[PDB]
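Q: Below is the file my_file_1.cif, with mmCIF, C-alpha atoms and all ligand atoms.
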data_input
loop_
_atom_site.label_atom_id
_atom_site.label_comp_id
_atom_site.auth_asym_id
_atom_site.auth_seq_id
_atom_site.Cartn_x
_atom_site.Cartn_y
_atom_site.Cartn_z
CA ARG A 129 22.82 0.29 -11.06
CA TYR A 130 21.51 -2.17 -8.46
CA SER A 131 20.17 -4.32 -11.29
CA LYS A 132 23.69 -4.52 -12.75
CA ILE A 133 25.15 -5.58 -9.39
CA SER A 134 22.44 -8.17 -8.74
CA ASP A 135 23.10 -9.98 -12.03
CA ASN A 136 26.00 -11.64 -10.22
CA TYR A 137 24.10 -12.66 -7.08
CA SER A 138 22.04 -15.85 -7.00
CA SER A 139 21.72 -16.13 -3.24
CA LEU A 140 21.24 -13.94 -0.21
CA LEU A 141 24.36 -15.65 1.24
CA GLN A 142 26.37 -14.00 -1.52
CA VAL A 143 24.87 -10.61 -0.63
CA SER A 144 25.70 -11.05 3.07
CA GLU A 145 29.24 -12.01 2.12
CA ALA A 146 29.51 -8.89 -0.04
CA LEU A 147 28.33 -6.64 2.80
CA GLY A 148 31.01 -8.18 4.99
CA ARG A 149 33.77 -7.63 2.43
CA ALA A 150 32.51 -4.05 2.04
CA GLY A 151 33.32 -3.64 5.72
CA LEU A 152 30.07 -4.25 7.58
CA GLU A 153 30.69 -5.67 11.05
CA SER A 154 28.32 -6.19 13.99
CA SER A 155 24.89 -4.84 13.06
CA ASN A 156 21.63 -5.09 15.00
CA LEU A 157 18.30 -5.08 13.12
CA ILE A 158 15.26 -3.01 14.20
CA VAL A 159 11.93 -3.49 12.40
CA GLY A 160 8.92 -1.18 12.21
CA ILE A 161 5.68 -2.20 10.50
CA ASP A 162 3.02 0.09 8.96
CA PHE A 163 -0.48 -0.92 10.10
CA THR A 164 -2.43 1.86 8.40
CA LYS A 165 -5.91 1.22 6.99
CA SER A 166 -4.65 2.09 3.49
CA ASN A 167 -3.08 -1.39 3.41
CA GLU A 168 -6.56 -2.64 2.61
CA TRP A 169 -6.50 -1.05 -0.86
CA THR A 170 -2.86 -0.40 -1.83
CA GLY A 171 -2.58 -4.02 -2.94
CA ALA A 172 -4.79 -3.36 -5.96
CA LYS A 173 -2.12 -3.94 -8.62
CA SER A 174 0.77 -5.23 -6.52
CA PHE A 175 -1.01 -7.94 -4.55
CA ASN A 176 -3.96 -9.09 -6.67
CA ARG A 177 -6.51 -6.82 -4.96
CA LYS A 178 -5.87 -8.33 -1.50
CA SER A 179 -4.94 -6.44 1.68
CA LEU A 180 -1.19 -5.99 1.99
CA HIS A 181 -1.63 -7.59 5.40
CA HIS A 182 -3.71 -10.50 4.09
CA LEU A 183 -2.58 -13.77 5.67
CA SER A 184 -2.48 -16.97 3.60
CA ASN A 185 -0.19 -19.80 2.53
CA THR A 186 1.89 -17.42 0.48
CA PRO A 187 3.81 -14.61 2.19
CA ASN A 188 2.42 -11.09 1.84
CA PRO A 189 4.79 -8.20 0.95
CA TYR A 190 5.51 -7.48 4.61
CA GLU A 191 6.42 -11.12 5.28
CA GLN A 192 8.57 -11.26 2.12
CA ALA A 193 10.43 -8.04 2.94
CA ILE A 194 11.05 -9.15 6.52
CA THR A 195 12.26 -12.53 5.28
CA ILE A 196 14.74 -11.19 2.72
CA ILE A 197 16.21 -8.46 4.94
CA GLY A 198 16.26 -10.67 8.02
CA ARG A 199 18.02 -13.49 6.17
CA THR A 200 20.57 -11.12 4.65
CA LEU A 201 21.47 -9.32 7.91
CA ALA A 202 21.39 -12.45 10.12
CA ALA A 203 25.15 -13.03 9.89
CA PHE A 204 25.89 -9.70 11.55
CA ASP A 205 24.19 -10.36 14.87
CA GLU A 206 25.24 -13.44 16.86
CA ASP A 207 21.88 -13.93 18.62
CA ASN A 208 19.56 -12.05 16.23
CA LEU A 209 17.53 -10.12 18.78
CA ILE A 210 15.16 -7.89 16.82
CA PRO A 211 13.26 -5.04 18.48
CA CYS A 212 10.01 -4.96 16.50
CA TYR A 213 7.26 -2.30 16.53
CA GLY A 214 3.97 -1.45 14.85
CA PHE A 215 2.64 2.00 14.00
CA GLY A 216 -0.41 3.47 12.28
CA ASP A 217 -2.99 1.23 13.93
CA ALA A 218 -5.78 2.61 16.15
CA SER A 219 -3.66 2.41 19.31
CA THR A 220 -0.78 4.51 17.94
CA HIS A 221 -1.91 6.60 14.94
CA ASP A 222 0.99 8.95 14.07
CA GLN A 223 1.99 9.53 17.67
CA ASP A 224 3.42 6.27 19.00
CA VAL A 225 4.67 2.80 18.27
CA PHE A 226 3.66 -0.42 20.01
CA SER A 227 6.09 -3.25 20.81
CA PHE A 228 5.34 -6.68 19.32
CA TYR A 229 5.68 -8.18 22.82
CA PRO A 230 4.72 -6.78 26.22
CA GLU A 231 7.40 -4.86 28.12
CA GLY A 232 9.17 -4.32 24.80
CA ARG A 233 10.77 -7.77 24.76
CA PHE A 234 12.81 -8.29 21.58
CA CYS A 235 11.97 -10.99 19.01
CA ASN A 236 14.37 -13.93 18.82
CA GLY A 237 15.21 -14.01 15.11
CA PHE A 238 13.22 -12.95 12.05
CA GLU A 239 11.34 -16.25 12.24
CA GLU A 240 9.77 -15.11 15.51
CA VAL A 241 9.20 -11.64 14.05
CA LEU A 242 7.18 -13.33 11.30
CA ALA A 243 5.29 -15.64 13.68
CA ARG A 244 4.38 -12.84 16.08
CA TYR A 245 3.37 -10.61 13.15
CA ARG A 246 0.82 -13.22 12.02
CA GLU A 247 -0.57 -13.44 15.59
CA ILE A 248 -0.96 -9.69 15.93
CA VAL A 249 -2.28 -8.77 12.47
CA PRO A 250 -5.85 -10.10 12.80
CA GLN A 251 -6.29 -8.30 16.14
CA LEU A 252 -5.38 -4.83 14.90
CA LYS A 253 -7.70 -2.01 13.96
CA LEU A 254 -5.84 -0.38 11.06
CA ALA A 255 -5.77 3.43 11.11
CA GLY A 256 -3.46 6.37 10.40
CA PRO A 257 -2.18 8.84 9.38
CA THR A 258 1.46 8.23 8.36
CA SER A 259 4.49 9.51 10.27
CA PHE A 260 7.85 7.83 10.69
CA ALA A 261 8.88 10.09 13.56
CA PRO A 262 7.74 7.67 16.26
CA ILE A 263 9.44 4.60 14.78
CA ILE A 264 12.68 6.52 14.14
CA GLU A 265 12.65 8.02 17.64
CA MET A 266 12.12 4.52 19.01
CA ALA A 267 15.16 3.31 17.05
CA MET A 268 17.17 6.27 18.38
CA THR A 269 16.24 5.30 21.94
CA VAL A 270 17.25 1.67 21.40
CA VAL A 271 20.61 2.74 19.94
CA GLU A 272 21.30 5.12 22.85
CA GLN A 273 20.28 2.49 25.41
CA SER A 274 22.63 0.00 23.73
CA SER A 275 25.56 2.39 24.36
CA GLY A 276 25.98 3.28 20.70
CA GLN A 277 26.06 -0.14 19.07
CA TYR A 278 25.33 0.00 15.33
CA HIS A 279 21.72 -0.60 14.31
CA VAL A 280 19.84 -0.76 11.02
CA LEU A 281 16.22 0.35 11.27
CA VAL A 282 14.03 -1.11 8.55
CA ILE A 283 10.65 0.57 8.16
CA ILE A 284 8.19 -1.24 5.92
CA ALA A 285 5.35 1.05 4.87
CA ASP A 286 2.61 1.34 2.25
CA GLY A 287 2.77 5.11 1.83
CA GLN A 288 4.80 8.30 1.95
CA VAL A 289 4.67 10.58 5.00
CA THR A 290 1.27 12.33 5.17
CA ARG A 291 1.37 15.72 3.41
CA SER A 292 -0.31 19.05 4.14
CA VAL A 293 -3.55 19.86 2.34
CA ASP A 294 -1.71 23.08 1.41
CA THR A 295 1.50 21.40 0.22
CA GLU A 296 1.28 23.30 -3.07
CA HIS A 297 2.12 26.49 -1.16
CA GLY A 298 5.13 24.90 0.47
CA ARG A 299 3.49 23.96 3.75
CA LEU A 300 4.77 20.87 5.59
CA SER A 301 2.48 18.71 7.70
CA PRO A 302 3.47 17.92 11.30
CA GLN A 303 4.02 14.35 10.07
CA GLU A 304 6.59 15.68 7.59
CA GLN A 305 8.14 18.14 10.04
CA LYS A 306 8.61 15.55 12.79
CA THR A 307 9.76 12.81 10.42
CA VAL A 308 12.39 14.97 8.76
CA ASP A 309 13.53 16.26 12.19
CA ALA A 310 13.85 12.65 13.38
CA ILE A 311 15.89 11.63 10.32
CA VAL A 312 18.28 14.54 10.85
CA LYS A 313 18.57 13.96 14.61
CA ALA A 314 19.13 10.24 14.02
CA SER A 315 22.38 11.11 12.20
CA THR A 316 23.85 12.00 15.62
CA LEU A 317 23.78 8.23 16.34
CA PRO A 318 25.27 5.08 14.77
CA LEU A 319 22.03 4.21 13.01
CA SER A 320 21.08 3.55 9.41
CA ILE A 321 17.49 4.01 8.23
CA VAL A 322 16.00 2.00 5.38
CA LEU A 323 12.45 2.78 4.28
CA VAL A 324 10.92 -0.14 2.33
CA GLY A 325 7.91 0.78 0.20
CA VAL A 326 5.38 -1.99 -0.43
CA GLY A 327 2.08 -1.86 -2.31
CA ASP A 328 1.05 0.44 -5.15
CA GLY A 329 2.14 3.67 -3.51
CA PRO A 330 2.47 6.03 -5.31
CA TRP A 331 6.19 6.17 -4.57
CA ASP A 332 7.17 8.68 -7.27
CA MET A 333 7.99 11.46 -4.79
CA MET A 334 10.56 9.50 -2.77
CA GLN A 335 13.81 10.36 -4.56
CA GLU A 336 12.86 14.04 -4.32
CA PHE A 337 12.01 13.47 -0.64
CA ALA A 338 15.43 11.96 0.06
CA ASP A 339 17.11 14.65 -2.02
CA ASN A 340 15.49 17.30 0.18
CA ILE A 341 16.43 16.02 3.67
CA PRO A 342 18.61 18.74 5.30
CA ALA A 343 22.39 18.31 5.48
CA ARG A 344 23.61 15.61 7.88
CA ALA A 345 27.04 14.42 9.04
CA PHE A 346 26.46 11.28 6.96
CA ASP A 347 23.68 10.14 4.65
CA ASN A 348 21.76 7.87 7.02
CA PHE A 349 18.63 7.32 4.91
CA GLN A 350 17.68 5.06 2.00
CA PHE A 351 14.39 4.33 0.25
CA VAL A 352 13.82 1.10 -1.66
CA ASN A 353 10.75 0.23 -3.74
CA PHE A 354 10.04 -3.43 -3.00
CA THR A 355 7.04 -3.39 -5.32
CA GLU A 356 8.95 -2.19 -8.38
CA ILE A 357 11.82 -4.64 -7.92
CA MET A 358 9.59 -7.62 -7.25
CA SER A 359 7.40 -6.88 -10.28
CA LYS A 360 10.26 -7.34 -12.75
CA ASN A 361 10.81 -10.34 -15.04
CA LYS A 362 13.56 -12.19 -13.21
CA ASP A 363 13.77 -15.48 -11.41
CA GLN A 364 12.55 -15.31 -7.80
CA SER A 365 16.05 -15.79 -6.38
CA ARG A 366 17.32 -12.89 -8.46
CA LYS A 367 14.49 -10.48 -7.59
CA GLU A 368 15.31 -11.19 -3.95
CA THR A 369 19.02 -10.42 -4.29
CA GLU A 370 18.20 -7.25 -6.21
CA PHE A 371 15.90 -6.17 -3.39
CA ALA A 372 18.45 -7.07 -0.70
CA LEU A 373 21.20 -5.18 -2.53
CA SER A 374 19.00 -2.10 -3.16
CA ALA A 375 18.04 -1.98 0.50
CA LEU A 376 21.43 -2.73 2.08
CA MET A 377 24.29 -1.84 -0.29
CA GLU A 378 24.70 1.59 1.26
CA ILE A 379 24.87 0.20 4.79
CA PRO A 380 28.60 -0.64 4.86
CA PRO A 381 29.67 2.88 3.86
CA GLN A 382 27.23 4.37 6.39
CA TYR A 383 28.71 2.07 9.04
CA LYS A 384 32.24 3.20 8.19
CA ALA A 385 31.09 6.84 8.42
CA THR A 386 29.79 6.25 11.96
CA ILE A 387 33.34 5.16 12.85
CA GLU A 388 34.94 8.09 11.04
CA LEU A 389 32.63 10.48 12.94
CA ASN A 390 33.29 8.60 16.21
CA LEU A 391 29.59 7.95 16.81
CA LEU A 392 30.12 4.22 17.19
CA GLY A 393 30.11 2.91 20.74
CA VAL A 394 29.22 6.10 22.57
CA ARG A 395 26.08 7.65 24.07
CA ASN A 396 25.00 10.94 22.54
CA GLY A 397 23.34 12.06 25.78
CA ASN A 398 20.57 14.12 24.19
CA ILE A 399 18.14 11.37 23.10
CA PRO A 400 14.68 11.57 24.71
CA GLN A 401 13.48 8.13 25.85
CA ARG A 402 10.51 7.04 23.76
CA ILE A 403 8.30 4.45 25.44
CA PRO A 404 6.66 1.80 23.20
CA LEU A 405 3.01 1.04 23.91
CA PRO A 406 1.97 -2.53 24.67
CA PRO A 407 0.71 -4.69 21.77
CA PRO A 408 -3.06 -4.00 21.50
CA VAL A 409 -3.90 -7.71 21.59
CA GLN A 410 -4.55 -10.65 23.92
MG MG A 501 -0.79 3.68 4.60
MG MG A 502 22.77 -9.57 19.48
#
Show how you would write the structure in this file as structure tokens.
A:
Amino acid sequence: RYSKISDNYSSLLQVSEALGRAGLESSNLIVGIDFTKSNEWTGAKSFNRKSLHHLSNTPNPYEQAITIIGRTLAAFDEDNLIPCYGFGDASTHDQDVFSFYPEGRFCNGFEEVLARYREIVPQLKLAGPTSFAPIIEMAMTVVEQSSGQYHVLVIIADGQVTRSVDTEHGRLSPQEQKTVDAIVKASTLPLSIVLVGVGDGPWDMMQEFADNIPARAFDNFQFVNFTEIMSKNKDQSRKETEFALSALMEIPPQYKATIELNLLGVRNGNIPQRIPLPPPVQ
């Protein structure tokens, strides 16, 4: 379905224009980056056996994903301030996020996101396990503190939420419990959540995962497999529009739903204030 749409899109400008015509207005971008140790080996097939966070003269999947989404959403934020966080390194595990800059200062444009990313990466101790509760709660806090301005949180991760050892008997892990709770609670705010999967995964359980999130006032969650799209036999420009469309096509209807539900522009009042840790660098 997204492949059919993308056959008519040769540039990310066209995709931005389409989001606008579909009714997307002012949108702020929030980025969260997975810094788990698994990144070392999930690039087996998808990244020629290199770490997903390997730095070189060609962008790694994190840099690519940031670049495509950042470029596509740029038109919807006049000054492109991007709150950016890491999670899953030794300083945060599954409990916290850290801000890219001290005192939680926002990045000025995706270009600075990318530059700061490259500075931080070699200084991190990669760890785990995997929960998206902290990054989503951080996004919730930013949205509340902005007085209900519309935000898109983009999480780029190399694995599904950590499961229980006893998942076969229906047991959820605390990572799953807290992440699903956060997704549901986030739907009380004008916030869209896009989970971008990079690396080899596996990612086969994601559509079932999304299908099983409890009922919400609007569907505020999307998963997109960057790896699968970017592995296809298309021109580079057309793989990028397909990825941008698969990640962001559902954002204009979600935006319109936040207006219909009168979430836009107001404080919910029941959002605990998550504090981002400092970047574990120097
Ligand atoms: Mg991982
Ligand atoms: Mg702005």
Q: Need the shell around residue A:159: protein/DNA/RNA residues with any atom at most 8 Å away, counting all atoms listed in the file. Skip same-chain ones fewer than 5 positions apart. Format as number ranges by chain?
A: A: 210-213, 281-284
Q: Considering only C-alpha atoms, state which residue in the set A:341, A:409, A:324, A:394 is at the smallest distance from residue A:309.
A: A:341
Q: Between atom CA of residue A:215 and atom CA of residue A:254, what is the spacing in Å?
A: 9.3 Å
Q: Step by step: start from the point (11.7, -12.2, -1.3) in the file's coordinates, keep every protein, DNA or RNA residue that has an atom no farther than 9 Å from it, count only C-alpha atoms, and write the set as a short mmCIF file (atom, residue, chain, number, x, y, z; two decimals) with C-alpha atoms, in the coordinates of the input.
A:
data_model
loop_
_atom_site.label_atom_id
_atom_site.label_comp_id
_atom_site.auth_asym_id
_atom_site.auth_seq_id
_atom_site.Cartn_x
_atom_site.Cartn_y
_atom_site.Cartn_z
CA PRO A 187 3.81 -14.61 2.19
CA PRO A 189 4.79 -8.20 0.95
CA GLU A 191 6.42 -11.12 5.28
CA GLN A 192 8.57 -11.26 2.12
CA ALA A 193 10.43 -8.04 2.94
CA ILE A 194 11.05 -9.15 6.52
CA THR A 195 12.26 -12.53 5.28
CA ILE A 196 14.74 -11.19 2.72
CA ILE A 197 16.21 -8.46 4.94
CA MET A 358 9.59 -7.62 -7.25
CA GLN A 364 12.55 -15.31 -7.80
CA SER A 365 16.05 -15.79 -6.38
CA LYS A 367 14.49 -10.48 -7.59
CA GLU A 368 15.31 -11.19 -3.95
CA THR A 369 19.02 -10.42 -4.29
CA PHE A 371 15.90 -6.17 -3.39
CA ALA A 372 18.45 -7.07 -0.70
#
Q: So what do you get for atom CA of residue A:232 versus atom CA of residue A:261, distance-wise?
A: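 Result for atom CA of residue A:232 versus atom CA of residue A:261: 18.3 Å, one decimal.
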Q: Let me see if you get this right: every residue at most 8 Å from ligand MG 502 (chain A), counting all atoms listed in the file, written as a ChimeraX atom specification.
A: /A:156,205-209
Q: Between A:375, A:403, A:387, A:352, single out the one closest to residue A:267, counting all atoms listed in the file.
A: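 For residue A:267, the nearest of the candidates is A:403.
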Q: Check which residues fall inside 10 Å of ligand MG 501 (chain A) when counting all atoms listed in the file, and print them as a compact mmCIF listing (two decimals) with C-alpha atoms, in the coordinates of the input.
A:
# COMPACT_ATOMS: atom_id res chain seq x y z
CA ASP A 162 3.02 0.09 8.96
CA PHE A 163 -0.48 -0.92 10.10
CA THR A 164 -2.43 1.86 8.40
CA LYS A 165 -5.91 1.22 6.99
CA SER A 166 -4.65 2.09 3.49
CA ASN A 167 -3.08 -1.39 3.41
CA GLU A 168 -6.56 -2.64 2.61
CA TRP A 169 -6.50 -1.05 -0.86
CA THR A 170 -2.86 -0.40 -1.83
CA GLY A 216 -0.41 3.47 12.28
CA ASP A 217 -2.99 1.23 13.93
CA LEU A 254 -5.84 -0.38 11.06
CA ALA A 255 -5.77 3.43 11.11
CA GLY A 256 -3.46 6.37 10.40
CA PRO A 257 -2.18 8.84 9.38
CA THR A 258 1.46 8.23 8.36
CA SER A 259 4.49 9.51 10.27
CA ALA A 285 5.35 1.05 4.87
CA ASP A 286 2.61 1.34 2.25
CA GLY A 287 2.77 5.11 1.83
CA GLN A 288 4.80 8.30 1.95
CA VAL A 289 4.67 10.58 5.00
CA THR A 290 1.27 12.33 5.17
CA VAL A 326 5.38 -1.99 -0.43
CA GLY A 327 2.08 -1.86 -2.31
CA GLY A 329 2.14 3.67 -3.51
Q: Find the residues near residue A:247: any atom within 12 Å, counting only C-alpha atoms, skip ones fewer than 4 places away on the same chain, and give them as number ranges by chain.
A: A: 181, 183, 228-229, 240-243, 251-252, 407-410
Q: Could you give me, as number ranges by chain, the residues within 8 Å of residue A:391, counting all atoms listed in the file and dropping anything in the same chain fewer than 6 positions from it?
A: A: 276, 316-318
